[PDB]
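Form deposited without its partner chain, single chain, as structure tokens, below.
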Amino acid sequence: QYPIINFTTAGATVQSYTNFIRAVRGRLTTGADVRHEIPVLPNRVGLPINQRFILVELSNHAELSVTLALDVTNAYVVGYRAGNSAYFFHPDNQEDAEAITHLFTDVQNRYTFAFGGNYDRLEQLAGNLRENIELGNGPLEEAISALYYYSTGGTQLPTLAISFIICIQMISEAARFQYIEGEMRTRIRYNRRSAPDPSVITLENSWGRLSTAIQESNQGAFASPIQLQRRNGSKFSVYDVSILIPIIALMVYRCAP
């Protein structure tokens, strides 16, 4: 079976969340490939199927549970299981369509959505941009509940998109960036619910671009600057890998060292 990591919103804390995100990182990559001190996720090309996914098992105080499937090469959430039903986003290609057939093979019901799981599609379905969708333990507890009830007709599709958007950021983006991990920890700590600010959003949007520039850097110096965004919306340039060490935790594979 694929590796399983567990988290619950029941009595969640900064530490239990931190431990969770650590475990997820530890399974996403062995971490034997490190450029400029940043771990690289494993390459898509040679990767066999028994090693391509991890399962993230989310439960509530309501005592209902849901299992997300993460693509190991990108921490991308490709689908999920709730009870006897399993749902997948529209894959990008037949390689991927093929891969996902080894997931949740024992569930009595399997569905592939007509829509992919990129943010923009999900936003159009949710009827809300990321910047207007609250994150925190409350939202995550709500997200898990919405996903659980989808198969029985009790969750409208927009709410399902909203819930996916929450899970992706609190899990896959938090694993991608210590920065976003820290953002969620603060909300857990103070029991607060808030949309992500432009520093979070722009990091999410530019993860691919940042992976390329780091791996193509000249001893850490980017071949050209990457504009990011501060909390207050203003644009600033990063020129080197060093500034990002405490900010990005993982990188998609871009090429060989």
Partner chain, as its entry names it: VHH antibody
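Residue numbers count along the first chain shown, from 1.
The form deposited with its partner chain bound is left out here; the points below concern that form.
- Its partner chain is not drawn, but in the deposited complex it has no heavy atom within 4.5 Å of residue 65.
- Although the partner is absent here, residue 51 lies well away from its partner chain in the deposited complex, with no heavy atom inside 4.5 Å.
- Contact annotation: residue 59 falls outside 4.5 Å of its partner chain in the deposited complex, judged by heavy atom distances.
- Using a 4.5 Å cutoff between non-hydrogen atoms, residue 28 does not count as a contact of its partner chain in the deposited complex.
- Residues are counted as partner-facing when one of their heavy atoms sits within 4.5 Å of its partner chain in the deposited complex; in 131-149 not one qualifies.
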